[PDB]
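Student: Pasting in a structure now, in structure tokens, and then I'll have a few things to ask.
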Amino acid sequence: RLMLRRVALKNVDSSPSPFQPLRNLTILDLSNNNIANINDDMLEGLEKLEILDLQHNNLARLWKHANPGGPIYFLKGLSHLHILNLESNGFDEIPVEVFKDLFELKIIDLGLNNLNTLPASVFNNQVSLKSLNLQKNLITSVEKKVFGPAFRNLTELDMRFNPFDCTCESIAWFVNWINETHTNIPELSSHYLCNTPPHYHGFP
RNA sequence: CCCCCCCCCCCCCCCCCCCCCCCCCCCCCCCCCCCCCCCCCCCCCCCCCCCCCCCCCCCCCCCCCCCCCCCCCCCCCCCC
């Protein structure tokens, strides 16, 4: 376990990964450090890593398609990763094959970001997901082609402050899944308020 | 056994002049190549300064909400 929360890491983007000798590393916290550039091969050889926290950082550019050199898939080879946190990273786009190898992911956190559109068929490999947290984002539509495999068998859901769109093309499957479910959705009728169109403005 | 004087023709040598043909050097013009310097055309790379745009982090301010601690008051009831 190596905790580096709010330590302002510098020279973190070296060509050889400093966590390469850490073969038995299981918990790694890199939160509140304003890390900007992260290499692709930083977590190579980290088969036994389970807990990864990268919340409150600046990795928005690393996932956009306009980033030179291509998006950074720094989550490859993490077969045993269990809890992942990416809060307040300012993410605006998620690459399609970033979560391709997380076969044992159960807890994922993506709140307080600028997510608006997610690629279709991204959460196929998370067959053992438990909690999905997307509070305080800019998402507007929830559909099967992206959130179908995500909502297979969960236990928690955190999507409070989002401007949901009330349209049969964008929310009908979502509200249908709300009607019958066993996942714990707290304050479902308090902050899951429809922002757009103004006809359904504020309607749960 | 004799010298002299005239003339024709053909020689040889030497000085001058005029012809071709060639060599060397030089002059003028032009062309080609090499080197040096300079000007212009663009397309740029690197560095610095200035100005903005996005995202994020620390600190601070304002408005709150919850919890904890302390103080006061109102009503009800007992002890001596």
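Following the order of the structure tokens, chains are lettered A, B, ..., residues in each are numbered from 1, and ligands are numbered from 1.
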Taking 3 positions as the minimum chain separation for residues in the same chain, which residues sit within 8 Å of residue A:139 when counting only C-alpha atoms (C1' of nucleotides)? Answer as a JSON list (two decimals) with N, CA, C and O atoms, in the first residue's frame.
Tutor:
```
[["chain", "number", "residue", "atom", "x", "y", "z"],
["A", 114, "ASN", "N", -17.17, 16.38, -16.11],
["A", 114, "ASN", "CA", -17.88, 17.06, -17.19],
["A", 114, "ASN", "C", -18.33, 16.08, -18.27],
["A", 114, "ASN", "O", -18.39, 16.43, -19.45],
["A", 115, "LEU", "N", -18.65, 14.85, -17.88],
["A", 115, "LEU", "CA", -19.09, 13.84, -18.84],
["A", 115, "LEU", "C", -20.45, 14.22, -19.42],
["A", 115, "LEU", "O", -21.38, 14.56, -18.68],
["A", 116, "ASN", "N", -20.56, 14.17, -20.74],
["A", 116, "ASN", "CA", -21.81, 14.44, -21.43],
["A", 116, "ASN", "C", -22.26, 13.29, -22.31],
["A", 116, "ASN", "O", -23.45, 12.97, -22.34],
["A", 117, "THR", "N", -21.34, 12.65, -23.03],
["A", 117, "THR", "CA", -21.66, 11.52, -23.89],
["A", 117, "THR", "C", -20.65, 10.41, -23.67],
["A", 117, "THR", "O", -19.44, 10.65, -23.66],
["A", 162, "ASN", "N", -27.62, 15.70, -12.19],
["A", 162, "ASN", "CA", -27.42, 15.64, -13.62],
["A", 162, "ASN", "C", -28.63, 16.25, -14.33],
["A", 162, "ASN", "O", -29.77, 16.04, -13.90],
["A", 163, "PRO", "N", -28.42, 17.01, -15.41],
["A", 163, "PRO", "CA", -29.56, 17.54, -16.17],
["A", 163, "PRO", "C", -30.17, 16.50, -17.09],
["A", 163, "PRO", "O", -29.87, 16.47, -18.29],
["A", 164, "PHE", "N", -31.01, 15.63, -16.53],
["A", 164, "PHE", "CA", -31.62, 14.57, -17.33],
["A", 164, "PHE", "C", -32.60, 15.15, -18.34],
["A", 164, "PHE", "O", -33.26, 16.17, -18.09]]
```
Student: Env of residue B:58: 10 Å cut, atoms = only C-alpha atoms (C1' of nucleotides), seq-sep filter 5 positions within chain, self excluded. Answer as a list in words.
Tutor: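 Neighbouring residues, sequence-local ones excluded: residues 6, 32, 33 and 34 of chain A.
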Student: Within 8 Å of chain A, which residues belong to chain B? Use only C-alpha atoms (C1' of nucleotides) and report them as a PyMOL selection string.
Tutor: chain B and resi 55-57
Student: Selected residues, N, CA, C and O atoms (P, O5', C5', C4', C3', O3' and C1' of nucleotides), written as a PDB file, in the first residue's frame, please.
Tutor:
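Listing of part_7.pdb after writing:
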```pdb
ATOM      1  P     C B  55     -13.741  24.893 -18.422  1.00  0.00           P
ATOM      2  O5'   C B  55     -12.843  23.747 -17.780  1.00  0.00           O
ATOM      3  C5'   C B  55     -12.892  22.422 -18.284  1.00  0.00           C
ATOM      4  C4'   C B  55     -11.705  21.614 -17.827  1.00  0.00           C
ATOM      5  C3'   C B  55     -11.419  21.638 -16.336  1.00  0.00           C
ATOM      6  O3'   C B  55     -12.260  20.779 -15.589  1.00  0.00           O
ATOM      7  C1'   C B  55      -9.408  21.969 -17.525  1.00  0.00           C
ATOM      8  P     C B  56     -12.733  21.204 -14.113  1.00  0.00           P
ATOM      9  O5'   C B  56     -11.445  20.947 -13.213  1.00  0.00           O
ATOM     10  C5'   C B  56     -10.859  19.658 -13.143  1.00  0.00           C
ATOM     11  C4'   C B  56      -9.456  19.710 -12.596  1.00  0.00           C
ATOM     12  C3'   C B  56      -9.293  20.347 -11.228  1.00  0.00           C
ATOM     13  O3'   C B  56      -9.660  19.484 -10.167  1.00  0.00           O
ATOM     14  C1'   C B  56      -7.620  21.166 -12.681  1.00  0.00           C
ATOM     15  P     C B  57     -10.158  20.097  -8.769  1.00  0.00           P
ATOM     16  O5'   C B  57      -8.806  20.411  -7.994  1.00  0.00           O
ATOM     17  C5'   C B  57      -7.797  19.421  -7.873  1.00  0.00           C
ATOM     18  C4'   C B  57      -6.487  20.029  -7.447  1.00  0.00           C
ATOM     19  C3'   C B  57      -6.543  20.867  -6.184  1.00  0.00           C
ATOM     20  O3'   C B  57      -6.512  20.077  -5.012  1.00  0.00           O
ATOM     21  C1'   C B  57      -5.334  22.028  -7.852  1.00  0.00           C
TER      22        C B  57
END
```
Student: List every residue of chain A that DSSP, applied to the backbone of this structure, places in strand (DSSP E or B), and write the result as a list in words.
Tutor: residues 2, 3, 27, 28, 29, 51, 52, 53, 83, 84, 85, 107, 108, 109, 131, 132, 133, 156, 157, 158, 164, 165, 184, 194, 195 and 196 of chain A
Student: Show me, as a VMD selection string, the residues that have an atom within 12 Å of residue A:187 when counting only C-alpha atoms (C1' of nucleotides), minus same-chain residues fewer than 6 positions from it.
Tutor: chain A and resid 156 to 161 193 204
Student: I'd like to know which of A:23, A:65, A:106, A:130 is closest to residue A:47, using only C-alpha atoms.
Tutor: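 That would be A:23, the residue with the smallest distance to residue A:47.
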Student: Run DSSP on the backbone and grab whatever in stretch 99-156 of chain A lands in alpha helix (DSSP H); send it over as a list in words.
Tutor: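 Those residues are residues 144, 145, 146 and 147 of chain A.
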